[PDB]
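Trainee: Below you'll find the sequence and an experimental structure to go with it.
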Amino acid sequence: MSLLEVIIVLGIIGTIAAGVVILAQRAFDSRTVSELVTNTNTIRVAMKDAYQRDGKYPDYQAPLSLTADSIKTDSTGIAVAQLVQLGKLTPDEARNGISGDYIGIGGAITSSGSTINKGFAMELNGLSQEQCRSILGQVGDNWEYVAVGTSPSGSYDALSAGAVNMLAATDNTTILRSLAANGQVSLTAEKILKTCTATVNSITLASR
Amino acid sequence: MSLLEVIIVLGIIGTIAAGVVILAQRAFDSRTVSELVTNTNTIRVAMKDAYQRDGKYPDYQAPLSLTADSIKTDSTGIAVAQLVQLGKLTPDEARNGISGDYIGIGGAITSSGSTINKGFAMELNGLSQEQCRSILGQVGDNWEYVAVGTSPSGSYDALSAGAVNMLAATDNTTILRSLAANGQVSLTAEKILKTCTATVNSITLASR
Amino acid sequence: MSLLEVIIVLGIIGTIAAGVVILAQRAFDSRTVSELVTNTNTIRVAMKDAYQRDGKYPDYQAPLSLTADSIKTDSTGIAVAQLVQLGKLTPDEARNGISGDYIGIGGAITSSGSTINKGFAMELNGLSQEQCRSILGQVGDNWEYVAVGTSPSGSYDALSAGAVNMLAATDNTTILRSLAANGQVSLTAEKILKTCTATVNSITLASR
Amino acid sequence: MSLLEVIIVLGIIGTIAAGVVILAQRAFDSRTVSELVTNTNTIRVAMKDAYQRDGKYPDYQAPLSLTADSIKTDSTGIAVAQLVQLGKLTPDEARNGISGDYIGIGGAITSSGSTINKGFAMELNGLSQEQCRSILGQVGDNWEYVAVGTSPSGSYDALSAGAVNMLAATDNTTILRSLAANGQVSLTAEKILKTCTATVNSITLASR
Amino acid sequence: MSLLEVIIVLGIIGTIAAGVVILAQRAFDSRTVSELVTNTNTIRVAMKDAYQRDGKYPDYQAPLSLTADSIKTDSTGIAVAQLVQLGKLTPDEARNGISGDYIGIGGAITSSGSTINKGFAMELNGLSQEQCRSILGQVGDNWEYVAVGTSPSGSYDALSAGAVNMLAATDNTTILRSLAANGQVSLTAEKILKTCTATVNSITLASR
């Protein structure tokens, strides 16, 4: 009716719009986290099935230069590209929905001093603190090796340094779960709150 | 509650639907590949049992004109029709679930210069690249002769050209496994990625 | 309070109403696009399941004369009517929510020179530019053959000209994805902006 | 924000709810059809195993008065009750999930003029047209005798009239498959669309 | 537009939010009930396979003091801890999702006066009336001994009193199914409505 009433109504509308902004961000985070869990499981199964005849898993080759089309034709030994070309998953499933990069996959050792990639690790980079903790709470207890680093979008620092050591001792801040003694730690609320401490985080998941 | 929120929710729903599209296609491919492996094994056993007294295997007769009912009554020498009529196979198992054609079966020679079909070959046509590579990874190491061609649905180019030469040398692109020297090649991920290079592929499997 | 104040208030109210008009149109578009994606996937699965025993897919018969009731009783060989009568989907799911026509379904060839409908194609007509690009960005990468034409509501020009050639070369303007060499193009934002250039557009989706 | 926007949103929500209604009905139909296929196969195997020493199969006794508890103690010669008491079936497996009745089982003759139940037939009543055609497309080709009638829920008209004549000539409307000459008809889409023409249908499956 | 319209819209929004609260509670209940059914079956199979060489099942030891990590290392004879350590199930599968306690497992006698645990029983405590009736209607007919008690979260009163008597007579209020005469009662809706009469309920399932 009056201008003051219109001003109050417009303020209420703006408040509702801001709430919508927050809710949309949370919904995007939830969808991407669920997709990441599903796609990491798919990659785990596909890698286990695809490289059984080799007896070892391929070394890390950076997928950061791959495009939406080049992943289907690249033949430089990138593990996720090989999985896509084998028909085990689509390029959309191979792409980290949060960072926008294709999921980095490298080798991992299951014994001290070993030089053979008897296991494999994959890295999800560019995760926010909320996404990091959500992924942990959802799927961390289901993987044998879980580590938290600070790799940003476009980087795979955990895999670019060599094969992931699955036998490293846990310290409930960086290495959460591993094959080391007393390394099968259940990720409760307190343990999750003790990690993913940065605004930009990454998660390395390794299996044998 | 607002129209913008509804639009965001509808976008999320559409994304889920597209994911369902991809998953349904993959499930169909997996089911058809498993059925093809099982049915090719059944055909192999049935062929070996049915023609033991003849001492040779029948020449290729095109099954591309057979219907769901004519396969049970045809008497023109089509091998898969004979197997169905002998009770070793139902028409459903005799049909390539991917191409929709009845599986083509022809003779094959186990020595250089031979004119007697001492072995038999079967062709699976109309395969996609993913289906081709999945079938290879599943079952290729279990057959003595494995070849990859480009026969589309409704065609059996590998069998229509005469008896399959099981002694042909392997080249890791077309002839993957054979009875030739150094022809017993294990199909690794690296090898499988070097073949089934077209969008339409066929697999010829031959046994003694 | 005064007449000028109420005039200003009424102007603000009219602005809000115009915004509501825009938002309602966008919500309708989003709902129809999501429904189209879902129903096209359902029809694809239903066609794959229903015609397996035939070994080929039915030729195009125009569904443009069907009504809400006649689709359940028509027996002239219309593919979508057969799918509805088989219980695979309801008449509402069989109807294009944008153009109001029942979805046109025809045969498609998966090889050069073939006269057998070894695949099937479906046409969505009467799409606006926004709807065309939204459907592409949502689901285009999940279909083996994707083409963009200008068929208006009440017309199926892409299917009425014969079987759809799934091997046609892509040109990023009309044929976006196909089974031809280099035809597996990912639909990015730029590629989507390069197509659906008319105010009235149609999308042909073909599968094996 | 405004009441008109709320009205539009509520309309969209109602449309989604109606779609959910349709999808829930379809999911229930699919689950019941799969359960019926599985349970009919289980009953077939159980009947073949249980009555081998008798040399003939029991005459039809109506199971329509059986309850969830009386099936485990009834001793009036009802075949499904005998199968349940023998441990081959559970009462849930013996119940038609669509009509709610226990599956009717009667004798069947495998020759003209015979008075001995050398085969057995089972009836599924109360099927809708969609359920009838789905069951046919799923399992019809796997049974030697398949007939379509109009027995409603709570009735077994096909079995209450005496032993099922497995040698009756097929007519692609009521008797689809039988042991008669030219009675081994494959059930394609057209043939399925030619039967189950009522809103209430029943299916009789008979085996030797 | 006006403040009154905003108030009406906010009331509608609050009503929708309350409906969402109810729906979220129901979804959580359904998920937990399905998980409980699955995990109880897994535990039943694991007990049947793990203790075959012993000839008897272990006595009840309270798992209420176990933590997320101590279940993997406890060696005090707790049955669910032994099953977890044997690799039969994960700690998450061993935990009652409703009460938050690890599932209590104890011995059970299959004859009058027996002092040997020839069967095993498991207790699900802290169930609401809705959850109790849902679990019954889902799985009660599939277990040989089903009893309803009032054990709250953190208590296992049924198992802490000694071995469960599987031969106890049924009374349709506390003992629903057992090995006693006339103890194989089917759980219909009317019989389910006569049990789980408290706000806090527990279900004891015992098998041979």
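Mentor: Nice, I can see it. Residues are numbered from 1 along each chain as shown, chains lettered A, B, ... in the order given.
Trainee: residues in contact with residue A:40?
Mentor: By CB atoms under 8 Å, 6 or more residues apart in numbering or on different chains, residue A:40 lies in contact with A:103, A:122, A:124, A:139, A:205. Quick note: C-beta positions are derived from backbone N, CA and C, even for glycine.
Trainee: Tell me which helix or strand it sits in.
Mentor: Using DSSP states H and E, residue A:40 falls within helix A:3-50.
Trainee: Can the helix or strand following that helix be said to contact chain B?
Mentor: Using DSSP H and E, the next helix or strand after helix A:3-50 towards the C-terminus is helix A:79-85. Yes - interface with chain B: helix A:79-85 contributes A:82, A:85 (CB under 8 Å from any CB of the partner chain).
Trainee: And for the very next helix or strand once past helix A:79-85, what's in contact with it?
Mentor: Next helix or strand after helix A:79-85 toward the C-terminus (DSSP H and E): helix A:91-94. Surrounding helix A:91-94, the residues in contact under the criterion CB under 8 Å, 6+ apart are A:38-39, A:42-43, A:68, A:71-72, A:80-81, A:83-84, A:102-103, B:22, C:141, C:186.
Trainee: Now helix A:91-94 - C-alpha only, PDB.
Mentor: Extracted in PDB, the C-alpha atoms of helix A:91-94 (Å, rounded to 0.1, in the frame of the first residue of the first chain):
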ATOM      1  CA  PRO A  91      34.500 -38.700 -19.300                       C
ATOM      2  CA  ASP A  92      31.800 -37.100 -17.100                       C
ATOM      3  CA  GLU A  93      32.300 -39.700 -14.500                       C
ATOM      4  CA  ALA A  94      36.000 -39.400 -14.800                       C
END
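Trainee: Just the contacts of residue A:40: which are in strands?
Mentor: If you go by DSSP state E, those have A:122, A:124, A:205 in strands.
Trainee: Was I right to think the first one contacts residue A:105?
Mentor: Yes - Residue A:122 lies in contact with residue A:105 (CB atoms under 8 Å); the separation is 4.9 Å.
Trainee: shared neighbours, the two?
Mentor: Here residue A:122 and residue A:105 have residue A:43 as joint contacts, going by CB under 8 Å, 6+ apart.
Trainee: and chain A, which of its residues are near chain E?
Mentor: Taking CB under 8 Å from any CB as the measure of proximity, chain A contacts chain E at A:1, A:5, A:6, A:8, A:9, A:12, A:141, A:184, A:185, A:186, A:188.
Trainee: What is the most widely separated pair among those?
Mentor: Largest separation among the residues of chain A next to chain E by CB to CB: A:1 and A:184, giving 66.8 Å.
Trainee: tell me the phi and psi of the residue lying closest to residue A:149 once chain neighbours are set aside?
Mentor: Among residues not flanking residue A:149 along the chain, residue A:202 sits closest, at 4.6 Å (CB to CB, 6 or more residues apart in numbering or on different chains). Residue A:202 adopts backbone torsions of phi -140, psi 150, taken as degrees, to the nearest 10.
Trainee: got the contact list for the residue in chain A positioned nearest to chain D?
Mentor: Proximity of chain A to chain D (CB to the nearest CB) peaks at residue A:13, 5.2 Å away. By CB under 8 Å, 6+ apart, residue A:13 lies in contact with residue D:1.
Trainee: what about stretch A:15-31 and chain D, any contact?
Mentor: Yes - contact of stretch A:15-31 with chain D (CB under 8 Å from any CB) involves residue A:16.
Trainee: I'd like to know which elements the helix or strand harbouring residue A:108 is packed against.
Mentor: Using DSSP H and E, residue A:108 falls within strand A:104-109. Counting contacts by 3 or more CB pairs under 8 Å, 6 or more residues apart in numbering or on different chains; DSSP states H and E, strand A:104-109 packs against helix A:79-85, strand A:119-127, helix A:157-160, strand A:164-165.
Trainee: Take the ones you listed and write them to TSV, including distance to residue C:129 and mean neighbour count.
Mentor: Formatted as TSV, the helices and strands packed on strand A:104-109 follow (distance: least, CB to CB, whole Å; neighbours: other CB atoms under 10 Å in any protein chain shown):
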stretch	distance to residue C:129	mean neighbour count
helix A:79-85	32	25
strand A:119-127	33	26
helix A:157-160	43	20
strand A:164-165	48	24
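Trainee: Of all the ones you listed, which one comes closest to chain C?
Mentor: Nearest to chain C among the helices and strands packed on strand A:104-109 is helix A:79-85 (11.1 Å), distances taken as CB to the nearest CB.
Trainee: Please compute how far that closest one lies from its chain's middle.
Mentor: Chain-centre distance of helix A:79-85: 17 Å, with CA atoms, centre = their mean, to the nearest Å.
Trainee: Are there helices or strands packed against that helix, and which ones?
Mentor: helix A:3-50, helix A:91-94, strand A:104-109.
Trainee: and it, C-alpha only, in CSV?
Mentor: Taking C-alpha atoms only, helix A:79-85 is exported to CSV below (Å, rounded to 0.1, in the frame of the first residue of the first chain):
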residue,chain,number,x,y,z
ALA,A,79,45.1,-44.3,-16.1
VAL,A,80,41.7,-42.5,-16.2
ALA,A,81,42.0,-42.0,-19.9
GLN,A,82,42.7,-45.7,-20.3
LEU,A,83,39.7,-46.5,-18.2
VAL,A,84,37.5,-44.3,-20.3
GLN,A,85,38.8,-45.8,-23.5
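Trainee: one step back: the residue nearest to residue A:149: neighbouring residues, count only.
Mentor: 27 (other CB atoms under 10 Å in any protein chain shown).
Trainee: That one touches residue A:127, doesn't it?
Mentor: Yes - contact criterion CB under 8 Å: residue A:202 and residue A:127 qualify, at 6.1 Å.
Trainee: In PyMOL, how would I select just the buried ones from the residues of chain A next to chain E?
Mentor: Restricted to buried positions by 16 or more other CB atoms under 10 Å in any protein chain shown, the PyMOL selection for the residues of chain A next to chain E reads:
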select buried, chain A and resi 6+9+12+141+184+185+186
